[PDB]
>>> print(open('entry-v5.pdb').read())   # PDB, C-alpha atoms
ATOM      1  CA  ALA V   1       0.000   0.000   0.000  1.00  0.00           C
ATOM      2  CA  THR V   2       1.186   3.490  -0.859  1.00  0.00           C
ATOM      3  CA  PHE V   3       0.985   6.360   1.597  1.00  0.00           C
ATOM      4  CA  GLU V   4       1.699   9.768   0.089  1.00  0.00           C
ATOM      5  CA  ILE V   5       3.014  11.961   2.844  1.00  0.00           C
ATOM      6  CA  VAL V   6       2.611  15.652   2.084  1.00  0.00           C
ATOM      7  CA  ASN V   7       3.933  18.558   4.101  1.00  0.00           C
ATOM      8  CA  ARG V   8       1.565  21.576   3.670  1.00  0.00           C
ATOM      9  CA  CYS V   9       3.074  23.247   6.796  1.00  0.00           C
ATOM     10  CA  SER V  10       5.032  26.476   6.317  1.00  0.00           C
ATOM     11  CA  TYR V  11       7.940  24.849   8.211  1.00  0.00           C
ATOM     12  CA  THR V  12      10.062  21.781   7.513  1.00  0.00           C
ATOM     13  CA  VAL V  13       9.007  18.501   9.141  1.00  0.00           C
ATOM     14  CA  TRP V  14      10.815  15.180   9.201  1.00  0.00           C
ATOM     15  CA  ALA V  15       8.178  12.517   8.486  1.00  0.00           C
ATOM     16  CA  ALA V  16       8.497   9.212  10.317  1.00  0.00           C
ATOM     17  CA  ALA V  17       6.900   5.830   9.752  1.00  0.00           C
ATOM     18  CA  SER V  18       7.260   2.698  11.967  1.00  0.00           C
ATOM     19  CA  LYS V  19       5.385  -0.266  13.337  1.00  0.00           C
ATOM     20  CA  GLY V  20       7.214  -0.047  16.636  1.00  0.00           C
ATOM     21  CA  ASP V  21       9.778  -2.778  16.113  1.00  0.00           C
ATOM     22  CA  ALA V  22      10.791  -1.839  12.546  1.00  0.00           C
ATOM     23  CA  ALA V  23      10.791   1.005  10.051  1.00  0.00           C
ATOM     24  CA  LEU V  24       8.134   1.125   7.403  1.00  0.00           C
ATOM     25  CA  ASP V  25       9.904   1.864   4.069  1.00  0.00           C
ATOM     26  CA  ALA V  26      12.940   4.028   4.796  1.00  0.00           C
ATOM     27  CA  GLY V  27      11.305   4.976   8.114  1.00  0.00           C
ATOM     28  CA  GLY V  28      11.964   8.706   7.947  1.00  0.00           C
ATOM     29  CA  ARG V  29      12.776  11.626   5.582  1.00  0.00           C
ATOM     30  CA  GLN V  30      12.918  15.419   5.573  1.00  0.00           C
ATOM     31  CA  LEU V  31       9.934  17.154   4.009  1.00  0.00           C
ATOM     32  CA  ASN V  32      10.340  20.864   3.257  1.00  0.00           C
ATOM     33  CA  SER V  33       7.215  23.015   3.006  1.00  0.00           C
ATOM     34  CA  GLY V  34       5.234  21.607   0.111  1.00  0.00           C
ATOM     35  CA  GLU V  35       7.145  18.394  -0.476  1.00  0.00           C
ATOM     36  CA  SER V  36       5.537  14.991  -0.911  1.00  0.00           C
ATOM     37  CA  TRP V  37       7.197  11.669  -0.089  1.00  0.00           C
ATOM     38  CA  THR V  38       5.462   8.410  -1.112  1.00  0.00           C
ATOM     39  CA  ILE V  39       6.171   5.306   0.915  1.00  0.00           C
ATOM     40  CA  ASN V  40       5.287   1.689   0.449  1.00  0.00           C
ATOM     41  CA  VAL V  41       3.933  -0.175   3.439  1.00  0.00           C
ATOM     42  CA  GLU V  42       3.792  -4.003   3.316  1.00  0.00           C
ATOM     43  CA  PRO V  43       0.208  -5.485   3.240  1.00  0.00           C
ATOM     44  CA  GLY V  44      -0.814  -6.915   6.646  1.00  0.00           C
ATOM     45  CA  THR V  45       1.125  -4.222   8.544  1.00  0.00           C
ATOM     46  CA  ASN V  46      -0.441  -4.193  11.987  1.00  0.00           C
ATOM     47  CA  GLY V  47      -0.052  -1.210  14.327  1.00  0.00           C
ATOM     48  CA  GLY V  48       1.682   1.150  11.847  1.00  0.00           C
ATOM     49  CA  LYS V  49       2.144   4.799  12.666  1.00  0.00           C
ATOM     50  CA  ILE V  50       3.172   7.848  10.723  1.00  0.00           C
ATOM     51  CA  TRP V  51       3.985  11.122  12.394  1.00  0.00           C
ATOM     52  CA  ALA V  52       5.781  14.418  11.925  1.00  0.00           C
ATOM     53  CA  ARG V  53       8.879  15.525  13.770  1.00  0.00           C
ATOM     54  CA  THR V  54       9.892  19.171  14.252  1.00  0.00           C
ATOM     55  CA  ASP V  55      13.182  21.097  14.705  1.00  0.00           C
ATOM     56  CA  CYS V  56      15.534  18.228  13.938  1.00  0.00           C
ATOM     57  CA  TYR V  57      19.270  18.239  13.300  1.00  0.00           C
ATOM     58  CA  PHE V  58      20.874  15.229  11.670  1.00  0.00           C
ATOM     59  CA  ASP V  59      24.516  14.704  10.878  1.00  0.00           C
ATOM     60  CA  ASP V  60      25.829  13.023   7.715  1.00  0.00           C
ATOM     61  CA  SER V  61      25.208   9.477   9.092  1.00  0.00           C
ATOM     62  CA  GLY V  62      21.538  10.264   9.952  1.00  0.00           C
ATOM     63  CA  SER V  63      21.988  10.686  13.743  1.00  0.00           C
ATOM     64  CA  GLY V  64      20.761  13.670  15.665  1.00  0.00           C
ATOM     65  CA  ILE V  65      17.768  14.924  17.527  1.00  0.00           C
ATOM     66  CA  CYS V  66      14.234  16.277  17.068  1.00  0.00           C
ATOM     67  CA  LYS V  67      12.297  18.475  19.533  1.00  0.00           C
ATOM     68  CA  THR V  68       9.115  16.468  18.961  1.00  0.00           C
ATOM     69  CA  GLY V  69       8.763  12.900  17.806  1.00  0.00           C
ATOM     70  CA  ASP V  70      12.416  11.916  18.095  1.00  0.00           C
ATOM     71  CA  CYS V  71      12.739   8.169  17.535  1.00  0.00           C
ATOM     72  CA  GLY V  72      16.089   7.449  19.280  1.00  0.00           C
ATOM     73  CA  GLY V  73      17.932  10.214  17.358  1.00  0.00           C
ATOM     74  CA  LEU V  74      17.668   8.518  13.935  1.00  0.00           C
ATOM     75  CA  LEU V  75      16.589  10.177  10.606  1.00  0.00           C
ATOM     76  CA  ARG V  76      15.337   6.810   9.571  1.00  0.00           C
ATOM     77  CA  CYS V  77      12.985   5.763  12.383  1.00  0.00           C
ATOM     78  CA  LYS V  78      12.778   2.108  13.477  1.00  0.00           C
ATOM     79  CA  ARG V  79      10.736   2.768  16.649  1.00  0.00           C
ATOM     80  CA  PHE V  80       7.965   5.114  17.776  1.00  0.00           C
ATOM     81  CA  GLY V  81       8.696   8.765  18.448  1.00  0.00           C
ATOM     82  CA  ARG V  82       9.015  10.758  21.640  1.00  0.00           C
ATOM     83  CA  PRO V  83       5.788  12.580  22.612  1.00  0.00           C
ATOM     84  CA  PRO V  84       4.246  14.924  21.840  1.00  0.00           C
ATOM     85  CA  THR V  85       3.248  13.420  18.458  1.00  0.00           C
ATOM     86  CA  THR V  86      -0.011  13.600  16.570  1.00  0.00           C
ATOM     87  CA  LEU V  87      -0.364  10.029  15.192  1.00  0.00           C
ATOM     88  CA  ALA V  88      -1.751   8.595  11.958  1.00  0.00           C
ATOM     89  CA  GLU V  89      -2.474   4.933  12.932  1.00  0.00           C
ATOM     90  CA  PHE V  90      -3.336   1.988  10.720  1.00  0.00           C
ATOM     91  CA  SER V  91      -3.613  -1.743  10.508  1.00  0.00           C
ATOM     92  CA  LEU V  92      -3.824  -3.090   6.962  1.00  0.00           C
ATOM     93  CA  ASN V  93      -5.487  -6.320   5.662  1.00  0.00           C
ATOM     94  CA  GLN V  94      -6.948  -7.378   8.971  1.00  0.00           C
ATOM     95  CA  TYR V  95      -9.409 -10.054   7.982  1.00  0.00           C
ATOM     96  CA  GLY V  96     -10.117  -8.336   4.686  1.00  0.00           C
ATOM     97  CA  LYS V  97     -10.181  -4.667   5.835  1.00  0.00           C
ATOM     98  CA  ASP V  98      -7.992  -1.679   6.682  1.00  0.00           C
ATOM     99  CA  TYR V  99      -8.369   0.330   9.872  1.00  0.00           C
ATOM    100  CA  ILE V 100      -7.277   3.940  10.196  1.00  0.00           C
ATOM    101  CA  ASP V 101      -7.488   6.646  12.894  1.00  0.00           C
ATOM    102  CA  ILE V 102      -5.681   9.713  14.262  1.00  0.00           C
ATOM    103  CA  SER V 103      -4.734   9.686  17.929  1.00  0.00           C
ATOM    104  CA  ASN V 104      -3.882  12.376  20.450  1.00  0.00           C
ATOM    105  CA  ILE V 105      -3.138   9.813  23.204  1.00  0.00           C
ATOM    106  CA  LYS V 106       0.600  10.594  22.846  1.00  0.00           C
ATOM    107  CA  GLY V 107      -0.089  14.394  22.583  1.00  0.00           C
ATOM    108  CA  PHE V 108      -0.186  16.728  19.598  1.00  0.00           C
ATOM    109  CA  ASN V 109       2.625  18.449  17.689  1.00  0.00           C
ATOM    110  CA  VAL V 110       1.440  19.042  14.102  1.00  0.00           C
ATOM    111  CA  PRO V 111      -2.008  19.170  12.538  1.00  0.00           C
ATOM    112  CA  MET V 112      -2.848  16.234  10.334  1.00  0.00           C
ATOM    113  CA  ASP V 113      -5.291  14.860   7.782  1.00  0.00           C
ATOM    114  CA  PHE V 114      -5.281  11.057   7.191  1.00  0.00           C
ATOM    115  CA  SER V 115      -7.400  10.162   4.083  1.00  0.00           C
ATOM    116  CA  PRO V 116      -7.742   7.256   1.628  1.00  0.00           C
ATOM    117  CA  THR V 117      -6.786   8.051  -1.979  1.00  0.00           C
ATOM    118  CA  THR V 118      -8.916   5.130  -3.145  1.00  0.00           C
ATOM    119  CA  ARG V 119     -12.696   4.469  -2.826  1.00  0.00           C
ATOM    120  CA  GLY V 120     -14.946   3.239  -0.079  1.00  0.00           C
ATOM    121  CA  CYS V 121     -14.405   5.101   3.186  1.00  0.00           C
ATOM    122  CA  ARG V 122     -13.739   8.590   4.505  1.00  0.00           C
ATOM    123  CA  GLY V 123     -10.747  10.310   6.036  1.00  0.00           C
ATOM    124  CA  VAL V 124     -10.128  11.672   9.491  1.00  0.00           C
ATOM    125  CA  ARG V 125      -8.599  14.983  10.554  1.00  0.00           C
ATOM    126  CA  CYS V 126      -7.142  16.728  13.584  1.00  0.00           C
ATOM    127  CA  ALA V 127      -6.286  20.185  12.257  1.00  0.00           C
ATOM    128  CA  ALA V 128      -7.345  22.477  15.140  1.00  0.00           C
ATOM    129  CA  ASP V 129      -4.757  24.713  16.825  1.00  0.00           C
ATOM    130  CA  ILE V 130      -4.107  22.413  19.759  1.00  0.00           C
ATOM    131  CA  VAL V 131      -0.594  23.750  20.419  1.00  0.00           C
ATOM    132  CA  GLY V 132      -1.816  27.390  20.710  1.00  0.00           C
ATOM    133  CA  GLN V 133      -4.783  26.452  22.955  1.00  0.00           C
ATOM    134  CA  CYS V 134      -2.874  23.801  24.960  1.00  0.00           C
ATOM    135  CA  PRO V 135      -3.663  23.872  28.741  1.00  0.00           C
ATOM    136  CA  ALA V 136      -0.724  25.375  30.736  1.00  0.00           C
ATOM    137  CA  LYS V 137       0.311  22.133  32.424  1.00  0.00           C
ATOM    138  CA  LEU V 138       0.383  20.203  29.157  1.00  0.00           C
ATOM    139  CA  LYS V 139       2.553  22.622  27.170  1.00  0.00           C
ATOM    140  CA  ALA V 140       5.816  20.900  26.230  1.00  0.00           C
ATOM    141  CA  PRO V 141       8.730  23.275  26.758  1.00  0.00           C
ATOM    142  CA  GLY V 142      10.369  21.477  23.799  1.00  0.00           C
ATOM    143  CA  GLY V 143       7.364  22.372  21.515  1.00  0.00           C
ATOM    144  CA  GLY V 144       3.823  20.916  21.183  1.00  0.00           C
ATOM    145  CA  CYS V 145       1.104  19.740  23.603  1.00  0.00           C
ATOM    146  CA  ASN V 146       1.691  16.626  25.853  1.00  0.00           C
ATOM    147  CA  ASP V 147      -0.964  14.120  26.738  1.00  0.00           C
ATOM    148  CA  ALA V 148      -1.623  13.835  30.463  1.00  0.00           C
ATOM    149  CA  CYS V 149      -0.140  10.316  30.809  1.00  0.00           C
ATOM    150  CA  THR V 150       3.222  11.683  29.592  1.00  0.00           C
ATOM    151  CA  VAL V 151       3.016  14.571  32.055  1.00  0.00           C
ATOM    152  CA  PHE V 152       1.605  12.942  35.178  1.00  0.00           C
ATOM    153  CA  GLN V 153       2.274   9.212  34.865  1.00  0.00           C
ATOM    154  CA  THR V 154      -0.919   8.104  36.736  1.00  0.00           C
ATOM    155  CA  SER V 155      -3.060   4.934  36.247  1.00  0.00           C
ATOM    156  CA  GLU V 156      -6.027   7.159  35.367  1.00  0.00           C
ATOM    157  CA  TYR V 157      -4.309   9.082  32.532  1.00  0.00           C
ATOM    158  CA  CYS V 158      -2.300   6.087  31.214  1.00  0.00           C
ATOM    159  CA  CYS V 159      -5.223   3.652  31.560  1.00  0.00           C
ATOM    160  CA  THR V 160      -2.837   1.141  33.003  1.00  0.00           C
ATOM    161  CA  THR V 161      -5.479  -1.066  34.715  1.00  0.00           C
ATOM    162  CA  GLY V 162      -7.725  -0.900  31.661  1.00  0.00           C
ATOM    163  CA  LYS V 163     -10.428   0.962  33.577  1.00  0.00           C
ATOM    164  CA  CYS V 164      -9.933   4.736  33.092  1.00  0.00           C
ATOM    165  CA  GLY V 165     -12.513   7.369  32.106  1.00  0.00           C
ATOM    166  CA  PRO V 166     -12.324  10.707  30.366  1.00  0.00           C
ATOM    167  CA  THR V 167     -10.517  13.516  32.166  1.00  0.00           C
ATOM    168  CA  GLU V 168     -10.351  17.312  32.051  1.00  0.00           C
ATOM    169  CA  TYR V 169      -7.177  16.882  29.957  1.00  0.00           C
ATOM    170  CA  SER V 170      -8.564  14.223  27.576  1.00  0.00           C
ATOM    171  CA  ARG V 171     -11.634  16.493  27.182  1.00  0.00           C
ATOM    172  CA  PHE V 172      -9.514  19.313  25.848  1.00  0.00           C
ATOM    173  CA  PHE V 173      -8.100  17.149  23.030  1.00  0.00           C
ATOM    174  CA  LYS V 174     -11.649  15.748  22.259  1.00  0.00           C
ATOM    175  CA  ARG V 175     -13.182  19.269  22.153  1.00  0.00           C
ATOM    176  CA  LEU V 176     -10.465  20.597  19.827  1.00  0.00           C
ATOM    177  CA  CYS V 177     -10.475  17.353  17.731  1.00  0.00           C
ATOM    178  CA  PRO V 178     -13.615  15.225  18.087  1.00  0.00           C
ATOM    179  CA  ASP V 179     -12.417  12.818  15.384  1.00  0.00           C
ATOM    180  CA  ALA V 180      -9.164  11.749  17.056  1.00  0.00           C
ATOM    181  CA  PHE V 181      -8.629   9.488  20.093  1.00  0.00           C
ATOM    182  CA  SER V 182      -8.230  11.630  23.206  1.00  0.00           C
ATOM    183  CA  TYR V 183      -7.545   8.843  25.794  1.00  0.00           C
ATOM    184  CA  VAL V 184      -7.042   5.035  25.673  1.00  0.00           C
ATOM    185  CA  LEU V 185     -10.709   4.142  26.195  1.00  0.00           C
ATOM    186  CA  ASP V 186     -12.228   6.921  24.160  1.00  0.00           C
ATOM    187  CA  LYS V 187     -15.216   5.919  22.057  1.00  0.00           C
ATOM    188  CA  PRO V 188     -13.500   4.737  18.866  1.00  0.00           C
ATOM    189  CA  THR V 189     -13.111   7.045  15.857  1.00  0.00           C
ATOM    190  CA  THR V 190     -11.510   4.299  13.814  1.00  0.00           C
ATOM    191  CA  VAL V 191     -12.573   4.189  10.136  1.00  0.00           C
ATOM    192  CA  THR V 192     -12.988   0.826   8.330  1.00  0.00           C
ATOM    193  CA  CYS V 193     -11.670   0.974   4.737  1.00  0.00           C
ATOM    194  CA  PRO V 194     -11.457  -1.779   2.050  1.00  0.00           C
ATOM    195  CA  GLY V 195      -8.398  -4.057   2.419  1.00  0.00           C
ATOM    196  CA  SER V 196      -5.405  -2.784   0.459  1.00  0.00           C
ATOM    197  CA  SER V 197      -6.584   0.837   0.249  1.00  0.00           C
ATOM    198  CA  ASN V 198      -3.992   3.590  -0.462  1.00  0.00           C
ATOM    199  CA  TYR V 199      -3.639   6.762   1.623  1.00  0.00           C
ATOM    200  CA  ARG V 200      -2.392  10.307   1.948  1.00  0.00           C
ATOM    201  CA  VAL V 201      -1.131  11.849   5.169  1.00  0.00           C
ATOM    202  CA  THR V 202      -1.140  15.619   5.003  1.00  0.00           C
ATOM    203  CA  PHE V 203       0.548  17.760   7.637  1.00  0.00           C
ATOM    204  CA  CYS V 204      -1.147  21.176   8.172  1.00  0.00           C
ATOM    205  CA  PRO V 205      -4.069  20.342   5.768  1.00  0.00           C
ATOM    206  CA  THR V 206      -5.780  23.740   6.389  1.00  0.00           C
ATOM    207  CA  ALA V 207      -4.483  27.404   6.455  1.00  0.00           C
TER     208      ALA V 207
END
>>> encode(input="entry-v5.pdb", output="structure tokens")
Amino acid sequence: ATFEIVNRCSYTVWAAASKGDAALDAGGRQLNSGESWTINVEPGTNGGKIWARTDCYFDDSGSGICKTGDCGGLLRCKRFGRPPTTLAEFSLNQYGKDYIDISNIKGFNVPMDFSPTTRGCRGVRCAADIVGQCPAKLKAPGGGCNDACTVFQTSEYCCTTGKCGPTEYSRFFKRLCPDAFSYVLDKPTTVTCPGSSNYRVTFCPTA
């Protein structure tokens, strides 16, 4: 499956793509404002994620650091990124279907649209100004808006015991972005698409 990753932001981002234990495709690449980078993700990929990273420096070997989304200092990500990270999430060819969603469970750094380029389902979007409206205690000094698990490390925010409910903090993400996961046990906003769909992830989809 092809995922076209498009940076509409006015600033450079370094796209990242991983299933947690491995890169997807090259795993990471710089995208200047306006650039598009198409990756190929193997069918059957379960638990894939694509995200943006901001204010990165890499040296000539592809080692460095990003202020949001850093995945162990590599350009070419093999693991998930350091919060805060808006997440495009997908499992492909799961008993005949694809599942996609955007999640704010690991915080928000960059607005995002995650849409199929092929027929038979709809896209999802979290494009509100979550960084600018971020509650004081969630603001990440490094840039972006942290989820409350990252900040406070409690069973309630992290949903450790599997029994959490919504919180003042989760409710802020859900109010700004109703169509993205705001906490682990949020009512799902997962979209079912035909198996083997193709996709576009757009950073900063709206002015």
>>> closest_atom_pairs(input="entry-v5.pdb", of="stretch 150-197 of chain V", to="stretch 23-46 of chain V", cutoff="10 Å", atoms="all atoms listed in the file", output="JSON lines")
{"residue": "V:195", "atom": "CA", "partner": "V:43", "partner_atom": "CA", "distance": 8.8}
{"residue": "V:196", "atom": "CA", "partner": "V:43", "partner_atom": "CA", "distance": 6.8}
{"residue": "V:197", "atom": "CA", "partner": "V:43", "partner_atom": "CA", "distance": 9.7}
>>> write_last_selection(input="entry-v5.pdb", atoms="C-alpha atoms", output="mmCIF file, keeping the file's coordinate frame")
data_model
loop_
_atom_site.group_PDB
_atom_site.id
_atom_site.type_symbol
_atom_site.label_atom_id
_atom_site.label_comp_id
_atom_site.auth_asym_id
_atom_site.auth_seq_id
_atom_site.Cartn_x
_atom_site.Cartn_y
_atom_site.Cartn_z
ATOM 1 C CA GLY V 195 -8.398 -4.057 2.419
ATOM 2 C CA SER V 196 -5.405 -2.784 0.459
ATOM 3 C CA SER V 197 -6.584 0.837 0.249
#
>>> residues_around(input="entry-v5.pdb", residues="stretch 126-134 of chain V", least_positions_apart="5", cutoff="9 Å", atoms="all atoms listed in the file", output="PyMOL selection string")
chain V and resi 86+102-104+108-114+139+143-146+172-173+176-180+203-206
>>> residues_around(input="entry-v5.pdb", residues="residue V:89", least_positions_apart="3", cutoff="7 Å", atoms="all atoms listed in the file", output="list in words")
residues 47, 48, 49, 50, 100, 101 and 102 of chain V
>>> atom_distance(input="entry-v5.pdb", atom1="atom CA of residue V:99", atom2="atom CA of residue V:157")
24.6 Å
>>> residues_around(input="entry-v5.pdb", residues="residue V:82", least_positions_apart="3", cutoff="10 Å", atoms="only C-alpha atoms", output="PyMOL selection string")
chain V and resi 53+66-73+79+85+106-107+150
>>> atom_distance(input="entry-v5.pdb", atom1="atom CA of residue V:200", atom2="atom CA of residue V:169")
29.2 Å
>>> resolve_selection(input="entry-v5.pdb", expression="the PyMOL selection byres ((chain V and resi 57) around 10)", output="ChimeraX atom specification")
/V:14,54-56,58-59,62-67,73-75
>>> atom_distance(input="entry-v5.pdb", atom1="atom CA of residue V:192", atom2="atom CA of residue V:3")
16.5 Å
>>> closest_residue(input="entry-v5.pdb", among="V:207, V:148, V:159, V:124", to="residue V:190", atoms="all atoms listed in the file")
V:124
>>> closest_residue(input="entry-v5.pdb", among="V:22, V:158, V:13, V:149", to="residue V:83", atoms="all atoms listed in the file")
V:149
